[PDB]
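Residue numbers (PDB author numbering), protein chains in the order written: chain A, 114 to 220; chain I, 1 to 32; chain J, 1 to 41; chain C, 2 to 81; chain M, 2 to 32; chain B, 2 to 734; chain F, 77 to 239; chain E, 2 to 62. Beneath this line is the structure, given in structure tokens, with notes to follow.
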Amino acid sequence: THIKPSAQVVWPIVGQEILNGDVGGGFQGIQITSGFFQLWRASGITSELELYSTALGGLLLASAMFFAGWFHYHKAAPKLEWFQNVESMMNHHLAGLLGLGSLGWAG
Amino acid sequence: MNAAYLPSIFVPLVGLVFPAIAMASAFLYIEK
Amino acid sequence: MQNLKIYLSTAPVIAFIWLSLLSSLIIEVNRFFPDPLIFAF
Amino acid sequence: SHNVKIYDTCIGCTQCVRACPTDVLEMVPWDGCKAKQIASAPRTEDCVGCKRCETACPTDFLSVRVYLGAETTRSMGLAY
Amino acid sequence: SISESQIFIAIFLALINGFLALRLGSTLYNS
Amino acid sequence: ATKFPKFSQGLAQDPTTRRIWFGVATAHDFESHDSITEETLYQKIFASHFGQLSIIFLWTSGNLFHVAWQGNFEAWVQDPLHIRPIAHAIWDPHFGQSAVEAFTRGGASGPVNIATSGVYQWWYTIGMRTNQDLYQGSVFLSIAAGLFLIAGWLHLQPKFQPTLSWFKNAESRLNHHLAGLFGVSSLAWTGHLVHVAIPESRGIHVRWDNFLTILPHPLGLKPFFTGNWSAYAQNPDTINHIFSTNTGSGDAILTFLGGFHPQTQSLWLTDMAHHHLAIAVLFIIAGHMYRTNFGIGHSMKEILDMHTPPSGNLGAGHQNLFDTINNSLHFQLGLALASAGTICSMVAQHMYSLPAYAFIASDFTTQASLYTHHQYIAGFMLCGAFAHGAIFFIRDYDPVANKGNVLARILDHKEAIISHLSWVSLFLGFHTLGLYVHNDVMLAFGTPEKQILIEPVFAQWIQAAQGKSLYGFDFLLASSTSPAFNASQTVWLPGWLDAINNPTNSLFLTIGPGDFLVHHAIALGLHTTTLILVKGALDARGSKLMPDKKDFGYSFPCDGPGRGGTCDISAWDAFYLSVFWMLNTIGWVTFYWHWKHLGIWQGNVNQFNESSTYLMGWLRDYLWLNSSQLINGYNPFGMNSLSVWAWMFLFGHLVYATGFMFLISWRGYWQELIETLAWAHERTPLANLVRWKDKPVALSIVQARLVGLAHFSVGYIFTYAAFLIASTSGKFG
Amino acid sequence: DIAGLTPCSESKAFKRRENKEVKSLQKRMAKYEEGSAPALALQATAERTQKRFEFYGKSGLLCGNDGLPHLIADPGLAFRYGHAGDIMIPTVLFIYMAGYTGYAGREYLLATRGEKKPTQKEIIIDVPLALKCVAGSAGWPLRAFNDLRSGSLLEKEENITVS
Amino acid sequence: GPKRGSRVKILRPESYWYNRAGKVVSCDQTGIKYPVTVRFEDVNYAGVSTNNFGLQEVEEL
Ligand SMILES: CCCCCCCCCCCCCCCCCC(=O)OC[C@H](CO[C@@H]1O[C@H](CO[C@H]2O[C@H](CO)[C@H](O)[C@H](O)[C@H]2O)[C@H](O)[C@H](O)[C@H]1O)OC(=O)CCCCCCCCCCCCCCCCC
Ligand code: CLA
Ligand code: CLA
Ligand code: CLA
Ligand code: CLA
Ligand code: CLA
Ligand SMILES: CC1=CCCC(C)(C)[C@H]1/C=C/C(C)=C/C=C/C(C)=C/C=C/C=C(C)/C=C/C=C(C)/C=C/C1=C(C)CCCC1(C)C
Ligand code: SF4
């Protein structure tokens, strides 16, 4: 109810450390309007360890995507007919992404 | 000033009447 | 390694790399020698 | 009506005559050219002014130069 | 404080400067 | 030709409305009509000058007459400081009970406009002191103007129609205009000063009744004709002389004491009477230079033709120029605007600092409304000096007869001039902005101690030569030793060193760091404005892209989207771009003049020279404080007396903002839109019966930009005209 | 002294200006107990800022009425009256900084000029050839005079013009 | 007259190659108004790398 949200911290050089505002919790940094803090409370994330685990896990799975990107252009590339299946694609996106992705989050 | 009734006579004449005539006559001269 | 070099020699690459060598240097000159208005030292 | 006039420099490439959406330029045979061919503009009436001619001239400095005149019902290209 | 009489004298005098222009502008445009 | 644009058959036959638009804007161009011979071209011109010259007089007779009738004068004459001059009354059928009352400010009964024109003092410092005098004077200009409308009508008939070569005789005009127009008028004006203004300055009423019954000077012309001219200068006025009365009033007529007239804080009148009387003598002497029928004099051309320097640096030098000049009109007009244009500005530079008229620099807002007038009106005139500089090169310049001349040497190097203006304008570009940004950041992070601040050394030392002692220099007039102070110690030093050292009057305001950085922006604006205009002139003939522009016309949209898509390729489009810079470099000035003065009128030098360095003070201090008074005019709580300007300041933006619709969105979009409308109106019922004669069409390329730049300017002026007036009318300095 | 200025060390508003900043800074760091780095970070800046004040006062800059140090352009003023370090010295520094990259850009275009197609050589730099120029560019003042007097700096009259 | 492959300077007033060197690709033996054809490494505004000239303009260096 008091402390204002902050993440970014400014290196001292070039007299720009004044950008660090006195905020709260004995801390100096930039204000946050993004709203991560008020998400992370609603996700039941308390310690700092949950965040490092997302940072790594998020940065890990990011590396899985570029490999998927490499793998599906150079190595194994689908044909036209595969991209021509809408009704499969629409069964999956609507059920797979949004249907399961809501349960998973509802869990 | 002693003339005071003049503005009520002129301003409408010069703000409306003249722009009404000079709107009509200048128009009719665009096409002949 | 032949072709990796030739790419690293493109215009925007050096433009990035070499400015980031000035930028870094000019930043750190101000770290050790702060607030240089006039050449007095 | 626009003015269009043509010059010694023509190579006779026909690349103008292919451009005109109103088909003004029309290739007239000639002698001194390498291909012995010269454009010409029988209709200054229907030159709309697109200057798609001047873009097409392979010549260094153009063989055709359109000089915009006044603009009529046709040279304004009015459907109204 | 200007006398009301003078006022119409001026307006009538500027009325002539309205006709001499009309006579000019005609002869100039008529050329 | 039947239809409206009677003078051109290319427009005369047009099915569309472009016949209408160009018909208005192609009117005053007399080199292009059906058949315009050389003789009949000069005719309409010389008749037109009678038009302009007569229009001005009526415009003046209006100002005189209104102030004489709807305005207060006597009441102001009694209390120049503590009462406001009034202009024409406010007649709107549209008002509430409040806005009528709120605008009745003044001495009069009805709602009226406090007059910021400034004309109101120049009547009193010439001196009149009756509404009768104003009416008496407002009749002549009505009469006198009638003489030209007669003359205008009178010189177009075959009998009195002057021959062509009468117009091309340039050695008679100069002799007449120098001596007769300039010189003889200056005599008459000192005549007025000595006979009317100066005695009436001392409270002696002289009119056309008592005029010749009262000596201007106690002596006769005995001192004048004996050759003894110090009598007129022998008895100047007292320092405590009160204006328009007799208190300790000196008897002298022609003197100059330098400095001001401390009651009025304006220039001494005897000092001006001495002025014009000297200028009168100079021109009258300099009007006999050029030869006329009497065969004694000079020949314009054989003055020039002998000036080719005996090296060849200039080649043929000035050769066959008197040909081009005396033939080309536009060349003569480019000089006229350039010469008169700069003077307009020169007026504004002197007239705030050396406030000739009595009891200005007391009421402030009538200086601001002036100084900006003559800067802007000086801006447009120069931008027109270069345009007709281009119309010259595009049409009536001849490279053959000019081979090897001085004009041809410039065209021989186009780029050098173009390229170096491109260096100077960039130097001032990076560094002047680069410092404002550096100063901003440093003050943002809270340490102003880090700022770049340079002291304007030279203009300080120039003010040191002038004798401002606030600095540590003491050269020339600043040092009582130098062989300058000793020379003028006897005449104009003692007074003029008081005015310069008494930091109330704005003569040579003290300069400083903010003063320094601005003069480079000003210097920037002058180069990039010239850079554009100097380019449009030299590339009017041709450039590498399109070297036909000589024969392709002057103002044309483009060469088409070929060979790289030419756009704005013409020399009109080049001028077109200058205005946008003209409005900055004047905007920077009129800003920088205003807010240096505001602090000085408000009694503090620290609002400027502190916050003037970084760009936020301009926004944070000058713009933010001034806007508070203006926006409260229309306030839903009630109408202030600035509600006049509160509205217009909005009318100023909406025009400016309209101006982007023309500048940004180009034609082809609108032409396809009208198509859909001319289809709908055409096939809709009940409107089938009513149709257009002239088929509507999206207006021409060049036509829009011209319309666009009109909105841009009309909006650019009315905001700053409202902000300036209503800031100094709201605060009163 | 000069131009109605005073050395910033003997100035007054300048001394306000220095000692008003620390106050507003320290009253801020009283909100952080020393076990917090913000107590240290603010402290370090207050001591960092005072260093520069004793530097600006010492070096002899001229503060006007405002207390902010100004500069002086003219050589005859900077030099004779002792402080030229404001521009007069660094105006030499810059030129050698700017001309160095200026003249190092001209040689590269020369060295890369004669080839089959110089165009691709402008996009993709060969850094060794650019390094040999960055090296060779030093002492450009003496190498500019020589291209100047030998006549190899200008391209003379085969340039193209319009009319 | 002039021969193929030999370098040239062009004095033609309206041109993008005016006072700029070029190499003749071909010269015709004919009465053509503009027989000679040059070629320039540079590109025109139009993208044109070649043009025909007259004998009075082309000059060989
Ligand atoms: C002062 C106004 C009076 C007081 C105010 C009254 C309110 C104003 C209401 C507007 C009334 C006029 C509206 C004009 C719009 C049409 C403009 C236009 O399409 O005009 C465009 C014309 C079109 O160009 C002409 O177009 C012509 C078209 O060809 C025609 O002419 C050819 C020449 O013979 C042949 O005849 C041919 O047959 C025929 O087609 C030719 O091309 C001419 O060479 C070419 O010059 O351009 C011109 O000549 C340009 C001439 C204008 C130059 C001045 C521009 C200055 C910009 C204003 C400065 C900002 C001011 C802000 C002030 C704010 C403070 C209050
Ligand atoms: C349940 C099945 C399923 C699921 C979950 C998805 C999921 C997705 N598909 Mg998809 N697809 C499927 C079946 C499925 N697809 C089938 C059968 C076809 C054939 C017609 C396609 C064809 C297809 C195309 C053509 C495209 C997608 C795209 C996408 C992505 C949507 C864009 C986005 O914002 O993602 C949001 C992203 C997330 C929420 C992150 C989660 C991502 C992880 C890795 C889950 C991915 C699971 C997925 C099924 C792959 C698993 C198998 C693989 C690991 C071996 C998303 C990752 C779009 C895309 O992104 O392309 C790459 C796209 O353009 N799909
Ligand atoms: C003594 C003889 C004489 C006189 C008085 C004039 C007078 C005039 N001639 Mg003229 N003329 C003469 C002989 C003479 N001519 C001869 C012999 C010839 C044949 C060669 C001509 C051929 C001729 C032509 C062809 C034209 C004229 C024009 C003019 C008028 C110029 C407009 C004007 O007054 O500017 C007003 C300017 C001033 C009164 C002074 C301005 C001085 C500078 C710019 C500023 C100084 C004022 C001051 C500093 C500012 C403060 C002002 C105050 C209100 C605050 C003017 C009425 C032109 C004209 O208007 O057409 C009628 C024109 O087109 N004349
Ligand atoms: C005494 C000064 C003077 C004189 C005699 C001329 C004379 C001439 N000029 Mg010229 N000019 C001048 C000053 C002068 N100019 C200045 C100061 C500038 C810079 C602004 C220009 C810029 C200029 C250009 C760019 C062009 C000319 C052109 C011309 C020629 C034709 C003018 C024409 O067709 O107008 C006819 C009348 C009009 C076009 C009226 C249009 C109204 C304009 C757009 C103003 C509208 C704004 C309005 C005031 C807003 C009202 C505000 C209110 C609603 C609140 C003619 C020889 C043209 C020419 O020769 O082309 C071959 C041309 O292209 N002049
Ligand atoms: C505020 C707006 C603005 C600005 C900054 C400029 C600036 C300029 N105009 Mg311009 N112009 C404008 C509005 C503006 N104009 C408008 C509205 C018009 C009417 C159409 C014109 C019409 C016009 C014409 C007709 C001409 C110019 C010219 C010029 C140049 C004059 C020299 C100068 O001052 O250089 C100063 C330059 C700058 C201040 C640029 C600042 C940018 C910094 C220094 C570098 C980039 C900063 C940063 C590193 C970027 C990071 C980006 C990120 C992706 C990393 C300059 C580039 C003239 C020209 O060509 O000059 C040679 C010229 O002929 N302009
Ligand atoms: C390194 C090559 C180089 C050299 C020697 C020059 C030299 C010159 N330029 Mg210039 N210029 C260059 C690159 C270069 N420029 C580039 C790359 C651009 C923009 C894409 C410009 C844009 C430009 C303009 C717009 C103008 C000049 C002008 C000038 C002249 C005055 C100097 C000046 O004030 O420029 C000031 C310089 C700038 C405003 C921008 C320069 C930015 C840097 C220097 C470009 C980067 C250089 C490059 C990365 C070096 C690579 C080295 C490596 C390959 C070994 C001078 C002849 C002016 C002129 O003609 O006046 C006589 C002028 O108006 N130039
Ligand atoms: C582009 C164009 C088309 C074709 C022909 C045309 C000639 C019109 C050509 C030119 C157009 C124009 C308007 C060109 C020039 C315009 C301008 C800005 C003219 C201004 C010139 C300024 C000048 C001299 C100032 C000279 C020096 C002055 C005051 C100071 C003198 C003095 C100093 C500095 C100290 C005080 C005492 C003293 C000695 C008197
Ligand atoms: S005009 Fe240009 S394009 Fe049309 S033929 Fe002659 S050369 Fe080929």
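For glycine and all other residues, C-beta sits at the position ideal for the given N, C-alpha and C.
In this structure the stretch 28-39 of chain J touches the stretch 147-164 of chain F; the number of beta carbon pairs closer than 8 Å is three or more.
Using a Cβ distance threshold of 8 Å, residue 535 (chain B) and residue 429 (chain B) do not count as a contacting pair.
Separation of residue 62 (chain B) and residue 193 (chain B) (C-alpha to C-alpha, rounded to the nearest whole angstrom) is 19 Å. For ligand 5, a non-hydrogen atom lies closer than 7 Å to the CB of residue 582 (chain B). Within chain C, 62 have C-beta atoms less than 8 Å from the C-beta of residue 15 (chain E), given in sequence order. Annotation: Cβ neighbours of residue 694 (chain B) in chain I (cutoff 9 Å, chain order): 30 and 31.
At a threshold of 7 Å, residue 55 (chain B) does not count as near ligand 8, since its beta carbon sits no closer than that to any of the ligand's heavy atoms. Nearest neighbour of residue 721 (chain B) by Cα position, chosen from B:38, B:651 and B:541, turns out to be B:651. With 6 Å as the limit, the residues whose C-beta approaches a heavy atom of ligand 5 more closely than that are B:423, B:426, B:427, B:430, B:431, B:434, B:525, B:529, B:532, B:533, B:578 and B:581, in chain order. Per DSSP, residue 634 (chain B) is not a residue of any alpha helix (DSSP H), being assigned neither H nor E. With 16 or more neighbouring CB atoms inside 10 Å of its own CB, residue 41 (chain E) falls in the buried class.
Sorting B:231, B:262 and B:151 by C-alpha distance to the C-alpha of residue 202 (chain B) places B:262 at the top. Using a Cβ-Cβ cut-off of 8 Å, residue 614 (chain B) does not count as an interface residue toward chain A, since no Cβ of chain A sits closer than that to its own.
Burial state of residue 22 (chain I) is exposed, judged by a 10 Å Cβ sphere holding fewer than 16 other Cβ atoms. When secondary structure is reduced to three states using DSSP, residue 218 (chain B) falls in the coil class, being assigned neither helix nor strand.
With contacts defined by Cβ atoms closer than 8 Å, residue 716 (chain B) and residue 634 (chain B) do not form a contacting pair. Residues of chain B whose Cβ lies closer than 7 Å to the Cβ of residue 148 (chain F) are, in chain order, 456 and 458.
Inclusion of residue 382 (chain B) and residue 341 (chain B) in the CB contact set at 8 Å is warranted, their separation being smaller than that value.
Residue pairing by DSSP places residue 8 (chain E) opposite E:24 in a beta bridge. Residue 26 (chain I) has a beta carbon lying at 8 Å or more from every beta carbon in chain M. Put simply, the CB of residue 112 (chain F) is near chain A, with a gap under 8 Å to one of its CB atoms. With 16 or more other Cβ atoms from the protein chains shown falling within 10 Å of its own Cβ, residue 25 (chain M) counts as buried.
Within the model, the alpha-carbon separation for residue 181 (chain B) versus residue 234 (chain F) is close to 55 Å. In the three-state scheme derived from DSSP, where H, G and I count as helix and E and B as strand, residue 142 (chain A) is classed as strand. Within the chosen limit of 7 Å, ligand 6 does not reach the beta carbon of residue 721 (chain B) with any heavy atom. Comparing alpha carbon positions, the residue from B:247, B:6 and B:564 closest to residue 30 (chain B) is B:6.
Assigned with DSSP and collapsed to three states, residue 66 (chain C) falls in strand. At a Cβ-Cβ threshold of 8 Å, residue 122 (chain B) and residue 365 (chain B) do not count as neighbours. In the DSSP assignment, residue 38 (chain E) falls outside any alpha helix (DSSP H) and within the unbroken beta strand (DSSP E) covering 37-40.
Residue-level contact check: residue 75 (chain C) does not touch chain B, since none of the beta carbons of chain B fall below 8 Å from its beta carbon.
Assigned with DSSP and collapsed to three states, residue 267 (chain B) falls in strand.
Under the Cβ distance rule, residue 79 (chain C) counts among the residues neighbouring chain B, one pair being separated by less than 8 Å. In the displayed model, residue 431 (chain B) falls within a helix according to three-state DSSP.
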